[PDB]
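Next up is one chain by itself, shown in structure tokens, the form deposited in one PDB entry.
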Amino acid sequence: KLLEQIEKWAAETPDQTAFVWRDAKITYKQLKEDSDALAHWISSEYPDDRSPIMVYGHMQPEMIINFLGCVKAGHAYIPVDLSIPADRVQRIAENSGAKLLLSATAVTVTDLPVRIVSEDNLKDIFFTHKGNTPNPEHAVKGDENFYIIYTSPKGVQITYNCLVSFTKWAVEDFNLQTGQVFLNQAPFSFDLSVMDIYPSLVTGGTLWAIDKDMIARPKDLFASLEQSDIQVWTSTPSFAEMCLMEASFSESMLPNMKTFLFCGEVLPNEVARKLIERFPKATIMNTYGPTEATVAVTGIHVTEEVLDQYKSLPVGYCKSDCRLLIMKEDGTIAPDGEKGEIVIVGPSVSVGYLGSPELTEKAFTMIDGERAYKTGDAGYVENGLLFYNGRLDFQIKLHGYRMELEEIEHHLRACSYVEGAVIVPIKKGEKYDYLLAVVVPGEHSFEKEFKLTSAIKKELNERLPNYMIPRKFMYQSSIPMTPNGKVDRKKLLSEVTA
């Protein structure tokens, strides 16, 4: 079914661009053909095997061809971005039980206990098996693994049913039409990319990829953006914020922008507001979910009304085929409006971590016959609406006082003269010593740094208790992002600590 709705475009709109990265692009017809040849090759080489297959690279069109080739042959694929550390890739190879690794580019990771098919060798199978097609019944189905994406060091197994459950909801609730241009910011090793990959493929859209190098060089990023004619924007809030630092990043640069889809981090009320101002015709959606629950399970249309009544934006209503549970600090459920750990239950929940029995036991459970996943996230529900408070382990306790790190960040972000901010907790060694605020200053006329600091501290005093107000402030032109596009908190902690 999933592959069928995708294949449907190879016949209806064969010459439509299915994926484009810089100068490299492939049509739906080419996607089908090479994908079919690979699948045929896989089946000929591994007749009665269904071991997961590693797919190595970055944004090359072959990444997508290889993903489909793998599933058509009944093999789940393991996306491995170039950014993943060698030691990690080696662990994945050994943990996953993979026997093969496919890459369009050169594999730089020191010898892996896997058969490597790369560069020209991959090209050879496309040529060698050109025209051939795989047995329709070999295609991954039902509860069989479709892809395995690693988090933290655990392989989250996402089944066919999991992905279909997500995709259907995404296409319908995000109001995606057909033939639209979908931005792809997230590396394939990050499940945010799934939010644009499959919805685009099933709706005959065009995936417009952006790579790590464009990001390292904004002039190229924006150049690409203007040529893209992107209509559906899928990215982390941080990525959007960085683009917002560019005055030309607006409806003028992307006049056909229609839908913004956010997930992965807190979407600031101010960021959404800036996007509405810059793109008055675009719809903004905030969504929430762990990789363990197939990309996202909640979503909400962030309107002017939502922005007016929710200083802290809610993360959304749970998809209809799943449900949420807010667990009080005890096996007990919490009354609506009360904070607890967010638990997700339903067909979106992963079947567990690959080869990690003990790890699966600790985070996954069975409730009334269905899978449930403890997120490690703190939040609450109010009449179906889910609110995110922060990561349970980011819960800082300052001298006899608890507090979500994210709540302090939320208020810091809301202060005048602040365009971006992150709190770096400085620990004495065991307990929390003090908080350090890293902010990107907005326009101001403060002639001395301490004056800006005092001003923000005064405003923050009206929002938080004195003991939650960061003692130290640091200013910089931008907040670092990890290769996935999220705030790089480790890097920040590393440099501010040094």
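Numbering starts at 1 and runs along the sequence shown. What we label the rigid core is the largest C-alpha set whose atoms superpose within 1.5 Å from one form to the other.
For the cut-off of one third of the other compared entries, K397 qualifies: that many or more give it no coordinates while modelling its flanks. Among other compared entries that model residues flanking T360, a third or more give it no coordinates. Unmodelled deposited residues between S152 and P153: 4 to 9, per the record. Of the two stretches examined, 225 to 233 and 99 to 107, the record assigns the greater average C-alpha temperature factor to 99 to 107. If you average the C-alpha B-factors over 176 to 184 and over 69 to 77, the higher value belongs to 176 to 184. Comparing the listed residues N461, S35, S454, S43, the entry records the largest Cα B-factor for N461. Within the listed group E382, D321, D308, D377, the record reports its top CA B-factor for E382.
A39 sits in the lowest third of its chain by CA B factor, as recorded in the PDB entry. In the deposited entry, the Cα temperature factor of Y401 sits in the top third of values across the chain's modelled residues.
Among the modelled residues of its chain, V20 has a C-alpha B-factor that falls in the middle third, as given in the PDB entry. Annotation for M54: C-alpha temperature factor in the lowest third relative to the rest of the modelled chain, per the entry. In the PDB entry, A10 places in the highest third of its chain by CA B-factor.
FYI, the form deposited in another entry isn't displayed, but the following is about it.
In this overlay on the rigid core, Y46 has a C-alpha that sits less than 2 Å away from its partner position between this form and the one not shown. After superposition on the rigid core, the Cα atom of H444 is displaced by 2 Å or more between this form and the one not shown.
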